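Here is the structure we will look at, set down as structure tokens.
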Amino acid sequence: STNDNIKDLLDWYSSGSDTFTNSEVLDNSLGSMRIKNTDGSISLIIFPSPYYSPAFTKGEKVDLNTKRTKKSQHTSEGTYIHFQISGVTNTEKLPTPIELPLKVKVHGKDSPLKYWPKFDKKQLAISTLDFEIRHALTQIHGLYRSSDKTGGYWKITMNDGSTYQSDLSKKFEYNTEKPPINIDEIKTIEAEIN
């Protein structure tokens, strides 16, 4: 049986994510952007981190790999509005798709089952990689679904040796997110469930 916090994390990481390509910036303030998507909807996206606030200006095209922080709503004129957080990158594509080699350990043992996330975008926000990794961990390895699978961490090491990591026992820290990275420079991604 898991406590209330672990249930909240399970809900967060199993409630899907929004993916839009070539949306257009309508406005960009200090840490909030207003973007019109290809289906007619508008997304109000916030950027709480002092280390990641996108520079895109009115008219530019962007890609969204993000999560809603509350329920989408309709304005009196009938426009559908999404309230999201982070997840805005440039539209640059890679020649062919690449498979990120995710390496998983559970209670100190190499999981023999392999899930390799596949992307064709040159860059992704750290927050998007966190959601993809954890979504796999909860769905395939049972993270958060039982009192013995509730913590550990994921770790990305780049080609130049710099590293990014997150604690599985707490929600991803949005307030300190660093800028998006290029996926073709990722050397290894590893996750360990305690």
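Residue names in the structure tokens use chain letters A, B, ... in the order shown, residue numbers from 1 in each chain, and ligand numbers from 1 in the order shown.
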With the cut-off set at 12 Å and counting only C-alpha atoms, tabulate each residue of range 42-68 of chain A with an atom at most that distance from an atom of range 105-122 of chain A, showing the nearest atom pair and its distance in Å to one decimal, ordered by chain and increasing number, as CSV.
residue,atom,partner,partner_atom,distance
A:62,CA,A:121,CA,11.6
A:63,CA,A:121,CA,9.2
A:64,CA,A:121,CA,11.1
A:65,CA,A:121,CA,10.6
- Message: Residues of chain A classed as strand (DSSP E or B) by DSSP on the backbone are to be reported as a PyMOL selection string.
- Response: chain A and resi 18-28+32-36+42-46+61-68+73-74+80-85+88-89+93-99+102-106+109-110+118-121+123-124+152-158+163-167+181-182+186-193
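The residue that comes closest to residue 71 in chain A, out of A:139, A:84, A:194, A:163 and on the basis of only C-alpha atoms, is A:84.
If you measure from each of A:73, A:176, A:159, A:96 to residue 52 in chain A using only C-alpha atoms, the closest one turns out to be A:176.
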- Task: Would you list the contacts of residue 4 in chain A as a VMD selection string, taking every protein, DNA or RNA residue within 12 Å and counting only C-alpha atoms, but skipping same-chain residues closer than 4 positions in sequence?
- Result: chain A and resid 8 to 11 144 to 145 147
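With only C-alpha atoms as the atoms that count, the residue of A:99, A:82, A:77, A:24 with the shortest distance to residue 183 in chain A is A:99.
With only C-alpha atoms as the atoms that count, the residue of A:136, A:179, A:126, A:170 with the shortest distance to residue 156 in chain A is A:126.
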- Between CA of residue 85 in chain A and CA of residue 44 in chain A, what is the spacing in Å? 8.3 Å
- Among the residues A:98, A:33, A:133, A:143, the one that comes closest to residue 47 in chain A [using only C-alpha atoms]: A:33
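Counting only C-alpha atoms, the residue from A:74, A:155, A:68, A:34 that sits nearest to residue 187 in chain A is A:155.
Near range 13-15 of chain A, within a cut-off of 7 Å and counting only C-alpha atoms, sit the residues residues 131, 134 and 135 of chain A, with same-chain residues fewer than 6 positions away left out.
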Convert the current residue selection to file output with N, CA, C and O atoms, as a PDB file, in the first residue's frame.
ATOM      1  N   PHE A 131       9.643  13.141 -17.873  1.00  0.00           N
ATOM      2  CA  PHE A 131       8.356  12.463 -18.113  1.00  0.00           C
ATOM      3  C   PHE A 131       8.415  11.208 -18.968  1.00  0.00           C
ATOM      4  O   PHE A 131       7.780  10.235 -18.585  1.00  0.00           O
ATOM      5  N   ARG A 134      10.199   8.339 -16.696  1.00  0.00           N
ATOM      6  CA  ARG A 134       9.332   7.901 -15.608  1.00  0.00           C
ATOM      7  C   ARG A 134       8.034   7.210 -16.074  1.00  0.00           C
ATOM      8  O   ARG A 134       7.462   6.391 -15.358  1.00  0.00           O
ATOM      9  N   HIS A 135       7.529   7.622 -17.227  1.00  0.00           N
ATOM     10  CA  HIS A 135       6.357   7.035 -17.765  1.00  0.00           C
ATOM     11  C   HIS A 135       6.688   5.564 -18.074  1.00  0.00           C
ATOM     12  O   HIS A 135       5.853   4.675 -17.846  1.00  0.00           O
TER      13      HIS A 135
END
- Message: Among range 123-166 of chain A, which ones does DSSP assign to alpha helix (DSSP H) (computed from the backbone)? Answer as a list in words.
- Response: residues 126, 127, 128, 129, 130, 131, 132, 133, 134, 135, 136, 137, 138, 139 and 140 of chain A
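Excluding residue 173 in chain A itself and any same-chain residue fewer than 2 positions from it, the protein and nucleic acid residues within 12 Å of it, counting only C-alpha atoms, are residues 47, 48, 49, 85, 86, 126, 127, 130, 131, 165, 166, 167, 168, 169, 170, 171, 175, 176, 177 and 178 of chain A.
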